[PDB]
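Using full-length UniProt numbering, the letters of the sequence shown map in sequence onto residues 1 to 125. Note that CB positions come from ideal geometry on N, CA and C, so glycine has one too.
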Amino acid sequence: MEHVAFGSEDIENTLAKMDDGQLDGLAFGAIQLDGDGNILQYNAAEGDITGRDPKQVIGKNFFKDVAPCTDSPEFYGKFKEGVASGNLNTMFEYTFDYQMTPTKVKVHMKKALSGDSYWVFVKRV
Ligand SMILES: *C(=O)/C=C/c1cc(Cl)c(O)c(Cl)c1
């Protein structure tokens, strides 16, 4: 296991060193999105939460195709406001229910250190 806690204040610094393999060592789901919501990285813990195969979702549009239940002001709206502003750091609970048993999670979105990239972190609640 990579020893990083969900919600850590410096999480973007810690995850900046991680290739796809290190990311798979986290205790929580981690997705990296570009500013348009395309999936750049998607770790094993996230796949365990959602059932999706991490390798297959990379390159897909998160808000349009993968996760339409997040296409709402409560999730996508927060993301895009952060992308527009350049300073995203928001945490909230949410239910994932698209083609899956509804699953309640805690979501933390945070701007990455790599230029136009944004993390979505997820854990069960
Ligand atoms: C609602 O449609 C959510 C779906 C969903 C959310 C996340 Cl974070 C995720 O990783 C997947 Cl594959 C689907």
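May I ask you to check if the CB of residue i is nearer than 7 Å to at least one heavy atom of ligand 1?
i, result
"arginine 52", "yes"
"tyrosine 98", "yes"
"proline 68", "yes"
"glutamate 93", "no"
"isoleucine 58", "no"
"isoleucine 31", "yes"
"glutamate 46", "yes"
"residue 126", "There is no way to answer for residue 126, as the model of the chain reaches only from 1 to 125."
In whole angstroms, what separates the C-alpha of residue i from that of residue j?
i, j, result
"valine 66", "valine 107", "16 Å"
"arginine 52", "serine 85", "30 Å"
"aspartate 36", "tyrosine 94", "21 Å"
"residue 128", "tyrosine 76", "No information on residue 128 is available, as it lies outside the stretch 1 to 125 that the chain covers here."
"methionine 91", "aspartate 71", "16 Å"
"residue 126", "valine 122", "With the chain covering only 1 through 125, there is no way to say anything about residue 126."
"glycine 115", "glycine 82", "13 Å"
"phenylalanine 79", "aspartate 34", "11 Å"
"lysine 17", "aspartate 97", "32 Å"
"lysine 60", "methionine 1", "27 Å"
"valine 120", "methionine 109", "4 Å"
Discussion item. To test your reading of the DSSP string, which unbroken beta strand (DSSP E) runs of 3 or more residues are found completely within the UniProt domain "PAS" (23 to 86)?
Written reply: 29 to 34, 39 to 42, all fully within the UniProt domain "PAS" (23 to 86).
Practice prompt. For the region 23 to 34 and the region 93 to 104, state whether three or more C-beta atom pairs, one from each stretch, are separated by less than 8 Å.
Written response: The region 23 to 34 is not in contact with the region 93 to 104.
Item to complete: Check whether the region 39 to 47 touches the region 17 to 25, counting contact only when three or more Cβ pairs, one atom from each stretch, lie closer than 8 Å.
Response: The region 39 to 47 is in contact with the region 17 to 25.
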